[PDB]
Every structure is written in structure tokens, then in C-alpha cells.
Amino acid sequence: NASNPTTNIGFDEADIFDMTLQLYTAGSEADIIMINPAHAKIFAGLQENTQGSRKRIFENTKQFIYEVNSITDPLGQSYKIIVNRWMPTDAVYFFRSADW
Amino acid sequence: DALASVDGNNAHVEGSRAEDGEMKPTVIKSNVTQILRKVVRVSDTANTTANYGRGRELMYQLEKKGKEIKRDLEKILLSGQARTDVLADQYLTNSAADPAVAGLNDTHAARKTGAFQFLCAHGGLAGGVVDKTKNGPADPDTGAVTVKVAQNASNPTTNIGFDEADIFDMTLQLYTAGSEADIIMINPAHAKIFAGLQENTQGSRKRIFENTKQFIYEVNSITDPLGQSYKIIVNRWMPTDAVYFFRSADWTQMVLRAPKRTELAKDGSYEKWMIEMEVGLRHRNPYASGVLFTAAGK
Amino acid sequence: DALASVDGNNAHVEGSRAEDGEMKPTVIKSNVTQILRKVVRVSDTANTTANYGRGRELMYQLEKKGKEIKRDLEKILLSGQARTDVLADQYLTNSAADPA
Amino acid sequence: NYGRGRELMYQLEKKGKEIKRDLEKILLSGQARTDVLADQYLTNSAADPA
């Protein structure tokens, strides 16, 4: 949680890909990410950064979508997202259905 | 090896008076093949237990050794091995066949094949492995250095970070040398740079999301200013401090003996088995493919 | 199980003897189960008059508690709880030698 | 041979009788188990590397 200030409880902004790198070098082939609704707006925040390197653009479109339900790492592994209500706010799981 | 240089001026005064031509014929490159065994030795009392999932202990261990030898081959073919054999200048020497070998019948050395970093126009030998701190020589055909040490001009020459855009210079050298390569292999610990290529700090590169439920952060295709496409590939079996630019036809896997499972002698308290796979690497032209070592500016 | 580290110095010689190699065993893991129960007791003093809304309060509350146990099962599976037992690390000593 | 029959089968059956006698002696003499398992007889407890 380097980018944000020391106020947020905890979560990353560019270290979610270090985990995908670790999984790839281990051998996992999972493409799923379960998250609680509380720590969900953070995922949508990935489409915009304070640094001048990521922004949104609306060409006179009456449809605001601050949502994200799919991620892709530089290695090529897709990653769908799911919002589980009964999960704990202070955790994020990257797993597969068959593994469990 | 190469063609004949241009020599610049080509004036003439109605007469050659040459020296029987300046042909400078081709140079002969050679390579050696090594052996890979991956022995296995199991006891006899440990070959009858329940073995819930492993089942047949020896068969399971043999499959494991097969996977291990395959991984070791995938690693060595991209490693920095150096051609090492008892023959130095008498490689072919069919007639004499190195008279100074036979007589002892036990002076056999360890056959080590030439690796990619060695066959790709090296520029020295750091003891036993190709040097990762000096650029190779120039191609006599045209000015070309297919082996370059990066210069991370984005960091203050203190951080160990692979340069961001030192690949365009390597592509320039490849184009000058006549490579036509179209592939770029990279270790997983460096795709972060290729992904950041889409962005920057000056503000001239930035992604956009017009009402999209996606955060695609990936690169799998590059195009240098010269018009040469390049497909990126990830391989976890390469040295992190190296990048190779392959080409399918330029490299081939030579095989003398296929991977064979067998068993050595007996009259012991053990049931030995083993595998044997003899293989080597070949290259059409050293100056065709390209290599890029990672380091920091001096 | 997990394969062994990939070697990069295999330079075996021709016409030699096969020296024994390195082997690794298969790791083992263990866990424990969990029991969930409910109660839908009823007095039966009802059902003699003309019930108004639902009827079969027993089955209604029973389905309610079924949904409840499903919810709790999901919550438990997704929430972090250690391998708590009364053996107190004696998991690998099945049939404890101390009946105390 | 004439009574020996051969050198392999005769020797093998003789050694079989000998090992049978030795087995009976070792079983009836009296000796406690000494295999190094340290209470891990049950609970298969794979060889535990190191």
C-alpha cells in the first residue's frame, strides 16, 4: 500500500501483479479473484492514477461505468473478478475452482 | 561467415593485376553434443508398499526423471554453456582421428555442447561462461553488434534495472546484419518493463478506458521504427539477466540418440534404472540472432 | 510432490558408469472436519385453528435454518480459522496413547 | 552329475533349507524389534527428509 496514504487500512495498487508473477513461476493456472464488496471500488480505481499515465475518457456518453470485472497480467494470464458478500474485508484470494 | 566488403572506391584503369582473387572463403563452425542420464536408484523393499497415489514407485520416479531431464534440456539450451571437448583443432581429422587420445582409453573428458549465448557471436569468456559485461565484436559484412550490454539510461546508473528502450538499438543492429528474426524471449521478471512501455512519466504515453470493464495490462507485440514486427514470449527457464531474439529456422535441435530408458547391471541390493538422451544445438549464422545482457550504466 | 531443481551442469561422459541420483519424497498434509447443527423445535399447539399466512411453521423454520446453515458454511469456508482441535498438535498421533 | 543332479538347483534347494533353519532359529531364540522409527510405526509418516 505504497501509493495511497497511511490512512487506508491496506491494499496495493501495482503489487497485485507481483502475485500473478509468483503464481506463474510456481505453476498455478488459476484465473479468478474473489473480493469483498467493501474493497471493490479500489479495483475500479485501477483504471485511473494520479500520475499522468492512466485516465478515462468519455466522448459525450451518458453512461458512467466505474466498474472492472476482468484483469490481465503482463504474462498473459486473464483474471476474472467475483464479489463475495460472505468474505472478510481484510483478504483477497487468487484461486481456481477445481483446486478447491 | 560473411560476404566480401565493398572496399569503398571501385575505380579502374583498364587492368586488374589481382592476387588470384580476394575470395576469402567461408569459415567452418562446429558444435558438440553432450549426454544427459538422470540416474535413479530405488530399493527393493520400498517397491511393494501401499503407494496410495504414487502407485508403482519405480515408474513414478522414472516419469519424474523424464520431466526433470526435459526441464534440464530446456534450461541448458538457453544457458551459457561453452563448447568443451578434447578436440580443439582436430575436430574432423578423420584420417588421424587425434592420435593423442587412444592409448589410455580412459582420458575421456566431459562433452559440453555450445550454448545459445556462445553461438550468438560472443565477445569473450568470463572464465567458463560467456561474458555478460562486454559487447561482442563487429560483423565484417556491416557494422553490427548482436551482443550488447544494456545501458539503463532511465535510472541514475545505480539501480539494477533493465533498460526500457535499448531494444530498438539491438533491432537496428539485427537489421544491419540481415537477421529477419521476429521473436523475443524474456524472463517473467522483466515483462513489467514491456507493460510499462504503454505508459511513461513525461505524459506522452497513457492508456484509456472508455466505459470498459477491463484493465488489460500486457504487451505481446512490438514494432521497431524500421518496420520489423516482434512477438514477445515468456520463458521461466532463462537467466533473468539475459534476453534472446530467436528465429525458428535459424536454430535446430540435433539428436543422435533419442531419450531411452534402460537398466544397468545387477548383483546388488538395489534395482537400478536410468535414462539416456544425447542432444546438441545448431545455428545457421552467429550474426543472425541477437542477445542482450542486462546491467547498469558505468 | 514437487519436482527437483533443474540442473544446468549435467556433463556426463560416454562409456562410463551410472552413478546414483538424488530423489525426493512426497510431502503430506492433513486437516480436520467441522460439524454444524440446528434446532427447529415446535410446540404443536397450533395447526388446530385456521392458520392465516403460511402454514407448516415447522417446515418454514426448517427451510429457514437450512438456508442459515448454508450461509454459515460459506462464511466459514471463506473466513480464516486455524486447524483448531482438542488434540493440541497431536494430530499426527492418532489413537492418543494418553486416555487422560 | 550322477546324484548332485546339477550345480544350480541342488545348491539352491540346499540354501533354501539352510535359510529355513536359520529363520526358525532366529524366530524361536528371542529378539525385540529394533527398526529406527521412533513411535512412527503407524501414521505412515513418509521418510521425513533430513
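Chains as they are written, first to last, in the authors' numbering: chain Z, 203 to 302; chain B, 52 to 349; chain A, 52 to 151; chain R, 102 to 151. Beta carbons: idealized from backbone N, C-alpha and C, even for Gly.
Look up residue i in the DSSP assignment and give the residues it is bridged to.
{"i": "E322 (chain B)", "result": "B:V93"}
{"i": "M289 (chain B)", "result": "Its beta-bridge partners do not exist; DSSP assigns none."}
{"i": "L87 (chain B)", "result": "B:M328"}
{"i": "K257 (chain Z)", "result": "B:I259"}
{"i": "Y281 (chain B)", "result": "B:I273"}
{"i": "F344 (chain B)", "result": "B:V200"}
{"i": "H334 (chain B)", "result": "B:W302"}
{"i": "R107 (chain A)", "result": "DSSP, once it has assigned bridges, lists no residue as partnering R107 (chain A)."}
{"i": "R312 (chain B)", "result": "B:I326"}
{"i": "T135 (chain B)", "result": "B:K163"}
{"i": "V180 (chain B)", "result": "B:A177"}
{"i": "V294 (chain B)", "result": "B:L343"}
{"i": "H63 (chain B)", "result": "Note: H63 (chain B) sits in no beta bridge, so no partner."}
Could you check whether residue j and residue i sit closer than 7 Å to each other, using their CB atoms as the reference points?
{"i": "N286 (chain B)", "j": "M236 (chain B)", "result": "yes"}
{"i": "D190 (chain B)", "j": "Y321 (chain B)", "result": "no"}
{"i": "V57 (chain A)", "j": "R162 (chain B)", "result": "no"}
{"i": "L343 (chain B)", "j": "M221 (chain B)", "result": "yes"}
{"i": "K126 (chain A)", "j": "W288 (chain Z)", "result": "yes"}
{"i": "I267 (chain B)", "j": "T263 (chain Z)", "result": "no"}
{"i": "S272 (chain Z)", "j": "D233 (chain Z)", "result": "no"}
{"i": "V200 (chain B)", "j": "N210 (chain B)", "result": "no"}
{"i": "residue 437 (chain B)", "j": "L87 (chain B)", "result": "There is no way to answer for residue 437 (chain B), as the model of chain B reaches only from 52 to 349."}
{"i": "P276 (chain Z)", "j": "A240 (chain B)", "result": "no"}
{"i": "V198 (chain B)", "j": "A177 (chain B)", "result": "no"}
{"i": "residue 303 (chain Z)", "j": "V270 (chain Z)", "result": "The question about residue 303 (chain Z) has no answer here: the residues shown for chain Z are numbered 203 through 302."}
{"i": "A160 (chain B)", "j": "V137 (chain B)", "result": "yes"}
{"i": "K323 (chain B)", "j": "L332 (chain B)", "result": "no"}
{"i": "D192 (chain B)", "j": "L54 (chain B)", "result": "yes"}
{"i": "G348 (chain B)", "j": "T208 (chain B)", "result": "yes"}
{"i": "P188 (chain B)", "j": "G175 (chain B)", "result": "no"}
Tell me the DSSP secondary structure of residue i in three-state form.
{"i": "residue 7 (chain B)", "result": "With chain B represented from 52 up to 349, any question about residue 7 (chain B) goes unanswered, as that position is not in the structure."}
{"i": "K126 (chain B)", "result": "helix"}
{"i": "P191 (chain B)", "result": "coil"}
{"i": "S299 (chain B)", "result": "helix"}
{"i": "residue 352 (chain B)", "result": "The structure shown has nothing for residue 352 (chain B), since chain B only spans 52 to 349."}
{"i": "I237 (chain Z)", "result": "strand"}
{"i": "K264 (chain B)", "result": "coil"}
{"i": "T274 (chain Z)", "result": "strand"}
{"i": "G117 (chain B)", "result": "helix"}
{"i": "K199 (chain B)", "result": "strand"}
{"i": "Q304 (chain B)", "result": "strand"}
{"i": "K163 (chain B)", "result": "strand"}
{"i": "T99 (chain B)", "result": "coil"}
{"i": "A69 (chain B)", "result": "coil"}
{"i": "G247 (chain Z)", "result": "helix"}
{"i": "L223 (chain Z)", "result": "helix"}
{"i": "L170 (chain B)", "result": "helix"}
{"i": "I211 (chain Z)", "result": "coil"}
{"i": "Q141 (chain B)", "result": "coil"}
Please list the partners that residue i has in chain D, where partner means a Cβ-to-Cβ separation under 8 Å.
{"i": "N210 (chain Z)", "result": "Protein chains Z, B, A and R are contained in the structure displayed, whereas chain D is not."}
Checklist line | Cβ pair count under 8 Å reaching 3, the region 165-179 of chain B against the region 88-106 of chain B | finding: Judged by Cβ distances under 8 Å, the region 165-179 of chain B makes no contact with the region 88-106 of chain B, as fewer than three pairs qualify.
Next item on the list: Decide yes or no for the touch test of the region 72-87 of chain A against the region 147-166 of chain B: beta carbon pairs closer than 8 Å, at least 3 of them.
Entry: Short answer: they don't touch.
Notebook entry, point to check: Would you call the region 217-226 of chain B and the region 250-261 of chain Z touching, i.e. three or more CB-CB distances under 8 Å?
Noted result: Counting Cβ pairs under 8 Å, fewer than three are found: no touch.
Checklist line | Residues, ordered as in the chain, of the region 118-133 of chain A that lie near chain Z by beta-carbon distance below 8 Å | finding: Residues of the region 118-133 of chain A with a Cβ closer than 8 Å to any Cβ of chain Z, in chain order: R122, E125, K126, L129, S130 and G131.
Check: Are three or more beta carbon pairs between the region 290-301 of chain Z and the region 58-70 of chain B nearer than 8 Å?
Finding: Short answer: they don't touch.
Notebook entry, point to check: Between the region 269-290 of chain Z and chain A, which residues of the former have a C-beta closer than 7 Å to a C-beta of the latter?
Noted result: Taking 7 Å as the Cβ-Cβ cut-off against chain A, the residues of the region 269-290 of chain Z that qualify are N286, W288, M289 and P290.
Check: If contact means a Cβ-Cβ distance below 7 Å, which residues of the region 78-95 of chain B contact chain A?
Finding: Close to chain A, meaning a Cβ-Cβ distance shorter than 7 Å, are the following residues of the region 78-95 of chain B: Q85, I86, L87, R88, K89, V90, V91 and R92.
Item checked: chain B contacts made by the region 220-243 of chain Z, where a contact means CB separation under 7 Å -> Residues of the region 220-243 of chain Z with a C-beta less than 7 Å from any C-beta of chain B: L223, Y226 and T227, listed in chain order.
Checklist line | chain A contacts from the region 154-167 of chain B (Cβ-Cβ distance under 8 Å) | finding: Those would be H159, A160, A161, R162 and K163, in chain order.
Margin query: Under 9 Å, CB to CB, which of the residues in the region 255-267 of chain Z have a partner in chain B?
Written below: For the region 255-267 of chain Z, residues whose beta-carbon sits nearer than 9 Å to a beta-carbon of chain B comprise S255, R256, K257, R258, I259, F260, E261, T263, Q265, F266 and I267.
Note to self: Under 7 Å, CB to CB, which of the residues in the region 52-78 of chain A have a partner in chain B?
What the structure shows: Answer in chain order: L54, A55, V57, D58, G59, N61, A62, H63, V64, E65, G66, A69, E70, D71, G72, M74 and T77.
Check: Mind listing which residues of the region 296-312 of chain B have their C-beta closer than 8 Å to chain Z's C-betas, in chain order?
Finding: The region 296-312 of chain B vs chain Z, Cβ under 8 Å: nothing.
Next item on the list: Quick one: which residues of the region 133-150 of chain R get their C-beta closer than 9 Å to a C-beta of chain A? List them in chain order.
Entry: Residues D140, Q141, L143, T144, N145, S146, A147, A148, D149 and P150.
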